[PDB]
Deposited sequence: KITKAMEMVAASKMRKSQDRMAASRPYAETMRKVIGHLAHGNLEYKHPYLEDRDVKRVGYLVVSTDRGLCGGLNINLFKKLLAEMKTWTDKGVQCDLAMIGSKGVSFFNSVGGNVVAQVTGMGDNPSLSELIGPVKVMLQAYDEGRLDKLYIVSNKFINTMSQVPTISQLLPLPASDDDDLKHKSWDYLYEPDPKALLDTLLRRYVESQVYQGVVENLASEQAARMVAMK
């Protein structure tokens, strides 16, 4: 009766996180297709260049009692950072979530920006700033890669630590758009919105992972 209650409370939160995940897809997928249309002057985000410094948007939870959700992700990220720094490539970190902020303040790491305390209610608006710092550094030649580090949600018992490349970006219609003002300006904005979107999706998925992990820890 108490474990059943425990499960009802968790299921209610999980359904909320699952709805957020699902509600976030249309915007990202439509954007990706429009970008495809326009990408087909090459925008910096669409081409590889010599890699001198790399950037990571890291998603950690704000709360404990989630088993090794953060631990396993941090482990995977440190392994990758070292292979870069071993080669003389500097790493900048944009930290999302309290646990991540405390872990890196402790072990060192260049945290150039952060946002914590979103909990069960993350939002795009709270991610604009953190993301902006990294996009600008890329625009300025200060980053040559930008990755998202987070947990992919599978099911209430399976989550996968993941590092994906956001920058640079990873048959055709017979018609073309009338572009107001022009395609260049538009493409630049869509690419920024798309990356922001992917970071948001990474965050909500991590949260879905967190809640699942916590119910398991609550056991």
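- Missing from the model, relative to the deposited sequence, are the ranges 41-44, 175-181.
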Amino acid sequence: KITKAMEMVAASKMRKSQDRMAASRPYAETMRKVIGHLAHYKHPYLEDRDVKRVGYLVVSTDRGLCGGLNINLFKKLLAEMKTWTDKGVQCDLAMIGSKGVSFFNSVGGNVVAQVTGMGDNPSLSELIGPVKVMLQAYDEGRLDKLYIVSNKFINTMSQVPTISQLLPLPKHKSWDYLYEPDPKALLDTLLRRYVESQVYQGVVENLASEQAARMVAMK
From here on, numbers count along this sequence of modelled residues.
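- In this entry, 74-82 shows the higher mean Cα temperature factor of the pair 122-130 and 74-82.
- Looking at mean Cα B-factors across 158-166 and 188-196, the upper value is held by 158-166.
- In the PDB entry, a CA B factor belonging to the middle third of its chain's modelled residues is recorded for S150.
- The deposited CA B-factor of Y56 belongs to the middle third of values across its chain.
- For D50, the recorded CA B-factor ranks within the highest third of the chain. Only modelled residues enter the ranking.
- In the PDB entry, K99 places in the lowest third of its chain by CA B-factor.
- Residue-level temperature factors show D176 in the middle third of its chain, judged at the C-alpha atom.
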